[PDB]
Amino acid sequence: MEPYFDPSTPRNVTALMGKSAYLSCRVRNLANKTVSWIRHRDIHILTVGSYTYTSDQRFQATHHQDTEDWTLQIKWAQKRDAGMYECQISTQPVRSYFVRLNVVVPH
């Protein structure tokens, strides 16, 4: 069967400025496809699997094997980082799962 996204994967994430942001992406039946993170505002490829494409060293994707979660971490989150992000499975055609990040200040 073809891969798919866990629909429980949160579509709306809120991080704290200066802290790390975490965008989860749970995938089932990945097989030999890859899970990639894309930033929408400039269509910048961030990560492909555990590989990091962006030169912004704040980014890292981690494969959580126990939950099959391809989590994106954004260190030193800034207001500029807020907006829309895409988790993308390399099927043909691709599967996409949209996640919005919010960056706020405590209280």
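Don't overthink the numbering: it's just position in the shown sequence, from 1.
S.K.: State which stretch shows the higher mean Cα B factor in the entry: 55-63 or 75-83.
M.R.: Looking at the record's C-alpha B-factors, the answer is 75-83.
S.K.: Just say lowest, middle or highest third for the CA B-factor of residue 38 relative to the other modelled residues in its chain.
M.R.: Lowest third, going by the recorded CA B-factors of the chain.
S.K.: Rank-wise, by C-alpha B-factor, drop residue 91 into the lowest, middle or highest third of its chain.
M.R.: According to the entry, residue 91 has a C-alpha B-factor in the chain's highest third.
S.K.: Looking at the temperature factor on the CA atom of residue 50, which third of the chain's modelled residues does it land in?
M.R.: As the PDB entry reports it, the C-alpha B-factor of residue 50 lands in the middle third of its chain.
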